[PDB]
Structure formats: C-alpha cells, structure tokens
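Okay, so we've got a single protein chain in two different forms coming up as structure tokens, structure 1 first and structure 2 after it.
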Structure 1
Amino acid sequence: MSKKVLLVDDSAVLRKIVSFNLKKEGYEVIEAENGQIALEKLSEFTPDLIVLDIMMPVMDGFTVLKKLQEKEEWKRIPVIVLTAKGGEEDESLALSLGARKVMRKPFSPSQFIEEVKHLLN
C-alpha cells in the first residue's frame, strides 16, 4: 500500500506543486489549509510523513510541531518543515520541536523529494 503524506500549508499555489511531485512518486496526499485543520485530520488517519509550513493563519507551524510531540501516537511521525522563514533561530526552534529536516523557500523540488524519500526508508 502506498505511503500517505499530510501536506500542510496556507498557500494553494504551493500545495499544488508539492502535491504533484509527491504523486509522481506514487504517494497519497492529504491537504490542510492551516495547523488547526492538520490536527483535525490527524484524528482520522496517521500519515507516514508530514510536510509543514510555519506561517499560517489560525494555527502556525511551531504550534503544530509542539502538539505532535505531545500525543503519543504522533511523536514518531516524521515532519519535514518547508518554510519561507529562513531565520537562523527559526530552524533551531523547529528542530527542537521535533522536526526532522527544515527546508527553505524557494526550494528545489528534486532536493525536496530526495529528502522525502530519505525519511521513508
């Protein structure tokens, strides 16, 4: 059975191009417009991977990060953070909240997919 990826970002333009590249590999994609919706969908299924933006209305990515490593079922879901927040302490804080890899925008889709494949091994 194919791996499922939860794709969380406020930008429709961004999710469209990330979803397309994920499906090129044969993954299944579930989309979330903000951090609140992302958690609401995690009560229904468990993805093999989460792609997470930081700056979104309602609930930002830093809060999502902290909440996932507070629920025993979600601690082990690997998260890639993909964000335009190229801050120096932005990355460190994401890594200390449980993120496996922090990738900046603009990004290379191929590099992004190499990193996605790496955490799915």
Structure 2
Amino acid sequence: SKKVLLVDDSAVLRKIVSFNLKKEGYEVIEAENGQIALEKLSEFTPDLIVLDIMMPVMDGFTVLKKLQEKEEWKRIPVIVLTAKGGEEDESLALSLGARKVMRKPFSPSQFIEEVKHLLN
C-alpha cells in the first residue's frame, strides 16, 4: 500500500487532495508546511510527495532542494501543485528536477492519473 506525503498549507485544497488519494487506496501523511514535512521525512520514506507551491511559496523550494541533495530522497517522485503567475516557480520546480506539475483550477482525475503514472 503506497504512502504519499502531502505538503499543503491550504487546508481546503489539502482536504480535497487527501480524499482523492485515500479513495484510490493510498496512505496519506500530511504536513502543513516545509518544516513539518522535513521532520516527518527523518522518520519515514514515502513513495510519492505532493508539494503545493502556491505563492507565497514560503519554504516549498527549500524542501524541493533538500530532497535533491539527499541520496535517500532524490529518487522519491514529486508532484508540485502550481498556480497562475508562478510560471517562474514552475520552470524551477521542473528544473529543481521534479517530476511533474499539476495546476489549478483543480482536476481530481488529472491529478490521480499523474499519481498513477508516477507510482508505476
């Protein structure tokens, strides 16, 4: 049973993504911010990370960078949830090598197909 680390400060979007993940049979570990996420990562290794980088990005990039620096984490697939005007940050996320972007207006089906694609 794959486990997904959901890093999202938006409780409303977070609840939506979490529900859709659980519906597909995934275990969901939530983190409200980058600091909490990195703390949980010291204790486990998820199969996938979903990072919301809506502006202000806060510490979203700090997390994406730290995942790239660690041998144990650099291989974990990552999906970033992007927004309009964050074109700068998106090019980055794709060039702080994720893996993949997923916009809003949000589409649960679009999101889940990308999750299934990465976990395969």
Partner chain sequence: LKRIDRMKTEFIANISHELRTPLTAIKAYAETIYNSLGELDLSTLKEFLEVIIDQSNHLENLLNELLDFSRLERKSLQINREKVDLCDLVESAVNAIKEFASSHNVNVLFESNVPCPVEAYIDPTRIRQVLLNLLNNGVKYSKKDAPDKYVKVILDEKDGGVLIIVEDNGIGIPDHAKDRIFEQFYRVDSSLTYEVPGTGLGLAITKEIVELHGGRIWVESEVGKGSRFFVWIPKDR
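Along the sequence of structure 1, residues get numbers from 1 upward. Take the two forms, superpose them, and find the largest set of C-alpha atoms that agree within 1.5 Å; that set is the rigid core.
Q: Determine, for this pair of isolated chain forms, which one is the form solved in complex with the partner chain.
A: The form solved in complex with the partner chain is the one given as structure 1; the other form is structure 2.
Q: Once you align the rigid core, which of 68, 82, 56, 42 turns out to move its Cα at least 2 Å between structures 1 and 2?
A: Comparing both forms, the shifted residue turns out to be 56.
Q: With both forms fitted on the core, how large is the C-alpha shift of residue 31 between structures 1 and 2 in Å?
A: Core-aligned C-alpha shift comes out at 0.3 Å.
Q: Once both forms share the same rigid core frame, by what distance in Å has the CA of residue 98 shifted between structures 1 and 2?
A: C-alpha displacement of residue 98 between structures 1 and 2: 2.1 Å.
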